[PDB]
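Letter by letter, the chains look like this.
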Amino acid sequence: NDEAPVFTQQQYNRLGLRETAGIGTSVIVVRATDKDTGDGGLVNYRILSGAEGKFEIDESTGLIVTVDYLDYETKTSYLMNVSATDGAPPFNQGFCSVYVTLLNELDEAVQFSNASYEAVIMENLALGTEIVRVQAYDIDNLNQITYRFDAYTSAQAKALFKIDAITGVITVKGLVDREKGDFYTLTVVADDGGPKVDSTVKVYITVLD
Ligand SMILES: [Ca+2]
Ligand SMILES: [Ca+2]
Ligand SMILES: [Ca+2]
Ligand code: NA
């Protein structure tokens, strides 16, 4: 027991670890010195709490790495308790903690302001009349949404309506004639500039005599 291990820092800090970091990514290196000779000065590294199944420490190297995927939107930061135990009886311990905070990156989809949208209009509505407004909210809270009609929205309905790529306001583009169509189901995509499979909503437009 001549002395116990002392880490080089009380709290280690890794700030802005990318949440989309891959498995095995280097997080931070800890180090506890023990100036006893032989096995009394040889320390074994271990996490006691706080990693929540996302981090693993090398017992010998003291390197911490990730061990599955991270998520800013599920947990923004981690505080792990680490021990260093010397290699001979009586296995004296030393202690630190490790603070990891995550960098929010654009890896999530988008929510809309309702389940769907509806508009009831009359024939021969003037051009550029506002019909309804689609609005959506980047889950990631990084980007603004851009709005467009999806690929499968019909030529006929692309001729009659236009959505604003910024405001998401749908306006009258051409002349709505009842006999040509009294009801339209539009599909609006909200793009966040991100990866995800496209977030869409329905707009149901009804035309009256
Ligand atoms: Ca010792
Ligand atoms: Ca995320
Ligand atoms: Ca994110
Ligand atoms: Na998003």
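Entry numbering is not used for residues: they are numbered from 1 along each chain in the order the sequence is written, which may differ from it, and residues without coordinates are omitted. Starting at A for chains and at 1 for ligands, labels are handed out in the order in which the entities are written. Excluded from the side-chain calculations are hydrogens and water; all other atoms, namely the structure's heavy atoms, are used.

Determination of this PDB entry was carried out by X-ray crystallography to a resolution of 2.84 Å, according to the record.

> Explanation requested: a nonpolar patch on the surface in the structure shown.
Patches here are clusters of residues that have more than 30% relative accessible area and form no salt bridge, with a 9 Å joining cutoff for like charges and a 5 Å cutoff for nonpolar side chains (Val, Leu, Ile, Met, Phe, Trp, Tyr). Only the protein chains shown count as covering a residue, and every accessible area follows the Shrake-Rupley method with a 1.4 Å probe. In the sections that follow, a salt bridge refers to a side-chain nitrogen of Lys or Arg positioned within 4 Å of a carboxyl oxygen of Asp or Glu. A contiguous nonpolar patch, built from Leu15, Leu79 and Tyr99 and spanning about 290 Å² of accessible area, is present on the exposed surface. The numbering of helices and of strands both runs from the N terminus, where a helix is a DSSP run of H or I of at least 4 residues and a strand a run of E of at least 2. Relative to the elements of secondary structure, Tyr99 occurs in strand β9 (residues 93–103).

> Looking at this structure, how should I read the coordination of the calcium ion (ligand 3)?
In an ideal octahedron of six donors the angles at the metal are 90 or 180 degrees, and in an ideal tetrahedron of four donors they are 109.5 degrees. Ligation of the calcium ion (ligand 3) by protein atoms is provided by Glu19 (OE), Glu73 (OE), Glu73 (OE), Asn104 (OD1), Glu105 (O), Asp107 (OD) and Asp140 (OD), these donors lying 2.2 to 2.8 Å from the ion. In this description, a donor is an N, O or S atom within 2.8 Å of the metal centre, a cutoff extended to 3.2 Å for sodium, potassium and calcium. Water is not part of the atom list, which can make sites seem incomplete. Ordering the donors of the calcium ion (ligand 3) by residue number gives the pattern E-x53-E-x30-N-E-x1-D-x32-D. A separation of 3.5 Å is found between the calcium ion (ligand 3) and the calcium ion (ligand 2), which are bridged by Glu19. With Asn104 in the loop between β9 and β10 (110–112) and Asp140 in the loop between β13 (136–138) and β14 (146–149), the pair connects residues that are 36 residues apart, well separated along the chain. Like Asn104, the residue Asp140 is buried in the burial classification. Only protein chains enter the accessibility calculation, which uses a 1.4 Å probe. A residue is then buried if its area is under 20% of the maximum for its type, exposed if over 50%, and partly exposed in between.

> What is the right way to read unusual backbone geometry from this model?
The omega angle of the peptide bond from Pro89 to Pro90 is 5°, so this bond is cis rather than trans. Position of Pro90 relative to the elements: it lies in the loop between β8 (77–86) and β9. Its identity as a non-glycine residue notwithstanding, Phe91 has a phi of 60°, on the positive side. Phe91 sits in the partly exposed class, given a relative accessible area of 47%. Residue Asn141 is not a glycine yet carries a positive backbone phi of 60°. Within the secondary structure, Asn141 is located in the loop between β13 and β14.

> I'm lost on the coordination of the calcium ion (ligand 2) in this one. Help?
Looking at the metal site, the calcium ion (ligand 2) is ligated by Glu19 (OE), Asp71 (OD), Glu73 (OE), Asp107 (OD), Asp107 (OD) and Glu108 (OE), spaced 2.0 to 2.7 Å from it. For the calcium ion (ligand 2), the 6 donor atoms in the first shell make angles of 49 to 165° at the metal, a pattern classed as irregular. Owing to a relative accessible area of 16%, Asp107 belongs among the buried residues under this scheme. Looking at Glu108, the relative accessible area reads 17%, which means it is buried. Angular criteria define each label, namely tetrahedral for four donors with all angles between 85 and 135 degrees, square planar for four and octahedral for six donors with opposite donors over 155 degrees apart and remaining angles between 65 and 115, and irregular for whatever fails these tests.

> How should I be thinking about the nonpolar core in this particular structure?
Soluble, globular proteins show a tendency: their nonpolar side chains are buried together. Buried residues of nine kinds, namely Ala, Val, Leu, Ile, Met, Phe, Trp, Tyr and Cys, make up a nonpolar core once their side-chain atoms join them within 4.5 Å. Judged by nonpolar contacts, the single largest core of 28 residues is most densely connected at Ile131, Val134, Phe161, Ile170, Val188, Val203 and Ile205. Listed in part, the 23 residues of the second largest apolar core include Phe7, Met80, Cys96 and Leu102.

> Mind showing me how you'd approach the sheet that holds strand β15 (residues 161–163) here?
Backbone hydrogen bonds hold the strands of a sheet together, and the pairing may be parallel or antiparallel. When DSSP finds two or more bridges between a pair of strands, those strands are recorded as paired. Sheet architecture is open: 3 strands sit in the order β12-β16-β15, paired in antiparallel fashion. Looking at strand neighbours, the two that pair on one side only are β12 (130–133) and β15, the edges of this open sheet. Taking the axes of each pair of neighbouring strands and ignoring which way they run, one obtains an average angle of 25° across the sheet. The sheet contact formed by β15 and strand β16 (residues 169–172) spans 3 bridges and is antiparallel. Bridging across to β16, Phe161 finds its partner in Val172. Note on geometry: axes are C-alpha line fits, over the in-contact stretch for helices, and angles between N-to-C directions span 0 to 180 degrees.

> Help me out: how do you make sense of the sheet that holds strand β11 (residues 117–122) in this one?
Sheet architecture is open: 4 strands sit in the order β11-β18-β17-β14, paired in mixed fashion. Looking at which strands have only one partner, the edges of the open sheet turn out to be β11 and β14. Going across the sheet, the axis of each strand differs from the next one's by a mean of 30°, ignoring polarity. Here β11 runs beside strand β18 (residues 199–208); their pairing, made up of 6 bridges, is parallel.

> What's the story with the pattern of salt bridges in this structure? I'm lost.
Side chains that differ in sign of charge can pair as their charged atoms come close. What the rule picks out here adds up to 9 salt bridges. One salt bridge in this structure joins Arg18 and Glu105, with 3.4 Å as the shortest N-O distance. Pair noted here: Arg18 is in strand β2 (residues 11–18) and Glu105 is in the loop between β9 and β10, with a separation of 87 residues, a long-range link. With a relative accessible area of 14%, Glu105 lands in the buried category. The shortest N-O distance in the salt bridge between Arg178 and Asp209 comes to 3.6 Å. Taken as a pair, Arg178 in the loop between β16 and β17 (183–191) and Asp209 in the segment after β18 lie far apart in primary sequence, 31 residues in all. A residue is classified by how much of its surface remains accessible, and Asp209, at 73% relative accessible area, is exposed. A single network of salt bridges, built from pairs that share partners, joins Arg148, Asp191 and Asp198.

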